[PDB]
Amino acid sequence: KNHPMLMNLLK
Amino acid sequence: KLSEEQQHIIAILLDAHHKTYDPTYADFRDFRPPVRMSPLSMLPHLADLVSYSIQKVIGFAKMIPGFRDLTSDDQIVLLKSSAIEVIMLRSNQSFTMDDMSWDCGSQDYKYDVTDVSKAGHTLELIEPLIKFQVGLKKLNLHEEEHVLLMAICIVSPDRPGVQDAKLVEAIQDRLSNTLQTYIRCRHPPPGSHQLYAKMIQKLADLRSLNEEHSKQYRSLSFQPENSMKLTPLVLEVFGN
Ligand SMILES: */C=C/C(=O)CC[C@@H](C)[C@H]1CC[C@H]2/C(=C/C=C3C[C@@H](O)C(=C)[C@H](O)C3)CCC[C@]12C
């Protein structure tokens, strides 16, 4: 998705 | 009649906010120190604050009922779009009418128009942003109203990139209905008057505010030297 940090923080 | 499910939704949201928002502002110390002098001296401190704020918003988003049901991609698109808008809405609590500034319990952590300007934002953003805060302040929303608006803001069908609008819309609707019932059942007139419509208008203002931020971030980010001052999450959420 090109958003590794945002995804990780979400779950 | 305020529903048992609806009371449940409000209780979750108040806790999510309490868990994700600190009146103390103790964590602010961790950010690189504010420099008020010097161009964009402040931004290093405010870039950090925005990054911190994004994490807090993400934690709040996870709590909202039915957010979990949405696909990860849907969660990502919603969070990416609304993160700036939610920060502006949540900030209101710190913001004070007396100085027209965001007050975090310290002179260093008290932020004003020329402080925001040092970050690298044109008045085009600031004058509407300050105005927004005053209008939000005037509303004098209940904390339940404040928490509900943030969640409704986050879960919007029309955010760009949304894979599943119909599912996102249904989650939003449940919150919208919960907010409408609260104002009628729990808000006394005259404050209650036109209250839902005014809150919805604020969401409209946020969209405009968000658009202005993108124009400003692009300009400030455009230069690599400035893009360096920002945090990696700010880069991921806003641009890179
Ligand atoms: C580019 C500079 C920048 O800070 C981006 C956002 C700018 C335009 C505004 C938006 C919200 C403003 C502020 C909020 C204050 C707080 C945020 C909130 O999350 C919180 C924990 C406290 O209430 C403090 C103040 C500075 C200018 C901001 C960031």
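Per the deposited record, determination of this structure is attributed to X-ray crystallography, with the resolution reported as 2.72 Å.

Naming follows the PDB entry, where chain B appears as Vitamin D3 receptor of Rattus norvegicus. The record held by UniProt for chain B lists under Sequence similarities the comment "Belongs to the nuclear hormone receptor family. NR1 subfamily."

Glancing now at the overall build of chain B. The helix and strand tally for chain B stands at ten helices and three strands. Starting at the N terminus and walking to the C terminus, you meet the elements of chain B as α-α-α-β-β-β-α-α-α-α-α-α-α. On C-alpha atoms alone, chain B measures out to a radius of gyration of 18 Å, which is about the 18 Å that the 2.2 N^0.38 rule sets for 240 residues.

Right, let's talk about the packing of helix α3 (residues 72-91) of chain B against helix α5 (residues 123-139) of chain B for a bit. All names here are of chain B. Contact geometry of α3 with α5 gives a least axis separation of 9 Å together with a crossing angle of 50°. In terms of orientation, α3 lies oblique with respect to α5. Where α3 crosses over α5, the two elements pack in a sense that is right-handed. Contact residues: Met88, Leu89 and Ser91 in α3; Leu125, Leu129, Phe132, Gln133 and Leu136 in α5.

With that settled, the discussion passes to the site of the ligand. All names here are of chain B. Around the ligand sit 18 residues, and of these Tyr21, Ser53, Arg90, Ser94 and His121 come closest. One of the side-chain nitrogen or oxygen atoms of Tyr21 is found 3.0 Å away from an oxygen atom of the ligand. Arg90 is positioned such that a nitrogen or oxygen atom in its side chain is 3.0 Å from an oxygen atom of the ligand. In the complex, the protein chains occlude 97% of the 620 Å² of accessible area that the ligand would expose alone. Going through the elements one at a time, α2 (43-63), α3, α4 (113-119) and α5 are the ones with two or more residues in the shell around the ligand. Looking at the shell around the ligand residue by residue, the class counts come to twelve nonpolar, five polar and one charged.

Let's shift gears to the packing of aromatic side chains. Residue and element names in this part refer to chain B. Applying the stated criterion across every chain yields a total of nine aromatic pairs over all chains. Ring geometry for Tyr25 and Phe28: centres 5.4 Å apart, planes at 55°, overall tilted. This pair shows no difference in class: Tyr25 is buried, exactly as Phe28 is. Where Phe28 meets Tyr109, the ring centres are 6.0 Å apart and the plane angle is 65°; that geometry is what we call edge-to-face. For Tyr109, a relative accessible area of 18% gives the class buried.

About the thresholds
- Residues numbered from 1 in each chain as written, not as in the entry; some residues may be left out.
- Chains lettered and ligands numbered in written order.
- Heavy atoms only, no water.
- Residues with missing side-chain atoms left out of burial classes, pairs and counts.
- UniProt positions renumbered as here; feature names shortened; annotations may be inferred.
- Helix = DSSP H or I, 4+ residues; strand = E, 2+ residues; numbered from the N terminus.
- Rg over C-alpha atoms; globule rule 2.2 N^0.38 Å.
- Axes fitted to C-alpha atoms, helices over the stretch in contact; angles between N-to-C directions.
- Parallel < 35°, antiparallel > 145°, perpendicular 65-115°, else oblique.
- Left-handed = near helix turned anticlockwise from the far one by under 90°.
- Contact = heavy atoms within 4.5 Å.
- Near = heavy atom within 4 Å.
- Polar contact = N/O pair within 3.5 Å; in protein donor to acceptor, adjacent residues only side chain to side chain.
- Areas by Shrake-Rupley, 256 points an atom, 1.4 Å probe, with all protein chains shown as cover.
- Nonpolar A, V, L, I, M, F, W, Y, C, P; charged D, E, K, R; others polar.
- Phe/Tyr/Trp six-rings, centres within 6.5 Å; stacked < 30°, edge-to-face > 60°.
- Buried < 20%, exposed > 50% of the residue type's maximum accessible area, 1.4 Å probe, protein only.

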